[PDB]
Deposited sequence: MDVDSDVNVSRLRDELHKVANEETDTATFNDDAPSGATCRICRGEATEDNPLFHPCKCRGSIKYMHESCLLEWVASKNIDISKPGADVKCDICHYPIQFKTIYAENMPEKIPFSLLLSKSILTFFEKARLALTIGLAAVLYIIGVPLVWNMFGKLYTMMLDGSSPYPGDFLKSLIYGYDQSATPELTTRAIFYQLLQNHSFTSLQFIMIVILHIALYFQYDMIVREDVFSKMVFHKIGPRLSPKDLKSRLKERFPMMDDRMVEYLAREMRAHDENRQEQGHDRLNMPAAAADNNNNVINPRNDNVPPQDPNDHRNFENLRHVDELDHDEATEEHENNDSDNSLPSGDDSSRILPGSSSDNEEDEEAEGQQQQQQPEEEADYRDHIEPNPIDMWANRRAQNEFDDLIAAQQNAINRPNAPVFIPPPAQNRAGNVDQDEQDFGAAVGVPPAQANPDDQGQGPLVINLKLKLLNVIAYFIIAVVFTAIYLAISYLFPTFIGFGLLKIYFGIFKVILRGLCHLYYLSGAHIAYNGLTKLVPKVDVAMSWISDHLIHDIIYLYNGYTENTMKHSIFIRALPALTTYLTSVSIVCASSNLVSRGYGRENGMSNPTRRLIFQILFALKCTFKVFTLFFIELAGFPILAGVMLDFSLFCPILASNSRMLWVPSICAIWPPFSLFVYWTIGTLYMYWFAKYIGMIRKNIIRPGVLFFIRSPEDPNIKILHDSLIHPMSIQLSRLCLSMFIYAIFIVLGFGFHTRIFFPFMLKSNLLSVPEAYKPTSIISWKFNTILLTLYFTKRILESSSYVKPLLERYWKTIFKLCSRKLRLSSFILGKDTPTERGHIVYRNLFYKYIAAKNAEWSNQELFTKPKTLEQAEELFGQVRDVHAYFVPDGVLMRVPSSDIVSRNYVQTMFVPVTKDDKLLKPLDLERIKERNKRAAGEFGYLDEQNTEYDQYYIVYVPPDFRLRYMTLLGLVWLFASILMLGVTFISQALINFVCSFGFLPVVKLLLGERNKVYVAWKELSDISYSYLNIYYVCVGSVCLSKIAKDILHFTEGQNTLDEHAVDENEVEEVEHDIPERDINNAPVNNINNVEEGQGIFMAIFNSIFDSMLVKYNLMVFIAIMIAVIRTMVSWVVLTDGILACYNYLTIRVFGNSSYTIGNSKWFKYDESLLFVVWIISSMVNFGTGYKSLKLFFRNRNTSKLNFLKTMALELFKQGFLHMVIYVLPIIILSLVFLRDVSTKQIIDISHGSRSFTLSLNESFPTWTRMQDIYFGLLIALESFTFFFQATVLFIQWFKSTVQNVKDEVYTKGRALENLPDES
């Protein structure tokens, strides 16, 4: 036994050495390194200002720094809270810096690898003791990390901030000169005064060093230095490229490499800016207007203007994540709607400007490199403005200017008692989970989308037929749409429209011009209406995937036989193409595989007609959404006020808390908006959708699938079970030790009990990590297999441990004292002996 006993002691020593090396390295690299970074940042800020926030005492200065806590005390608890906050701040800064560097390097690599980038470049320049040893390493690496952090923070914050002071003083002087010139030109109280006050406040805070806490006012000099450096790089690329071209070769190799680097950086910044806008600022601003128009008037008061900032009061930066999420969700749903319309309802070619999700001729990087930044940015701005019109007008009208004022109704406003106030609150979480589960149920159903598509087909056909846009929007039109019916009198035009139409028996048989129609009205009294053809046939693109050059030639009027009514102005088209392109126009090679055109009829006043069509689309979408919402709410309310509530009144009583809660909920629902009722009714109508489809031409299973099949619920449940089993086994272990061995020893210092509790907690967190390992193995398994595996694991490592140790003690709890204590000692000794025997057998 002695030989491999000593060997096992050596293995335990190796374990302990490895555990200590990992633990010390982890604690240092996770705590000290962010704290060393933050202390160096505070020291550099003090050097820049020249004075510490707390003169003389540098610890408090290096602990609290430039914070708003008024004279905080040096309490160990206060110190711990402050250091946690400092660690969070520095972790956020480091994460942001690392992400920015990674994104920029990836953009640089992708652009450099691109072949069209090489073509652009060629166009511009033209052709040519062991434990101790390990620890030593850990400490040495930590010292290297600390000195690297000091140097990097120096070169990245200290010097940039000083150069920022200089450059920002220069720019303030230049701005002052420009303002003086503007005032001279000009010469030769609530809103503006408030804005002037805010700007003067910011300027005084920066210049007089009063705002020492603001992140923005501290980063202003460094940000100015970085922006100036970027501007210099972008301008110097063009400056180096001056003169040289495809004809004038650039012989010098060093200058060639310098330009290659500068141009790569310029393209990196251009593509990064465009992508950052389109992917963050586009969704974030869309979410901001969604908050302004829909969420704030509904989940908050109409008087307020934004709602997400209030619920993100815990950590205001999370409002950006919330805004991005809601904006991205809105854009995804709008893209789905446009996809449905494009797929089935409207003519293929109408929505050519909107980007087609399934387009083989998509080269995002190539287009970002070649097309000028101004043109792409302008297209983004107009698309953003159109999305703003849709969001703000379409939702905010109903939520702000229609229901509260015209109808004087709170039917589109959550009741005061159920308005969420914080993101972590139960109200917000319940609303969000209800919406998520209902969305999952609706998407899972196979009859909702079809019915919706049929509704939109009917709506589009009706609106287009009314506006005489059937040919342009749908592709099929009767000849009656190709002219307006001129009536003799306004009475016949409006009051007697049907009578006047019936009077003319030659209306659609023969076309009459306007002057001829007036002449016939003057001559004859029997007929008071005639058909006057108007509008001209036009060429329109026959597919959504059409080269941008083709679009510039495919909106020209034509005769019946595909002959242009006016000779095409080719030179103007070429000039517009040159403007739409840039120095790199020829490099773009647009594919003409899908460049075909339809000859469709376009009525007069086309712009007004399709604007009215979009207005009618908004009107009918609003009618559909409001009808679905209110029908769902009314259906559930009728079911849950004339249905279950009387039953609860009989069974649960008339004064029970549950009965009062649901009764008040229903009574408010008759006048307010309950999202829960709306969602449940939406599920019910989704079920009725099949019957609706059949006539016009299970529930619990679906709910179960949607709930217990989503990855969110699975992850939440598995984490909950892991925590539960860990805490259960910790309670078992602590109770066993204390109310067993300790009590028996006493029969025969909180610090020690907390220490052993920590040890048991660590070992049982390892036990829980065993279940976490089970999670990954069973992540994709079926619901029944998942539930059975989870139940067996929980049972065995939970209630089995419960029964083996605690329950006999439960039952067991003069000679009877001795019997009790001896029996408990014997059972503990038997368990210890069994464990030791198993370990010895394995050994």
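Mapping the modelled residues onto the deposited sequence reveals missing stretches at 1-112, 241-462, 523-543, 1053-1094, 1146-1165, 1231-1263, 1294-1319.
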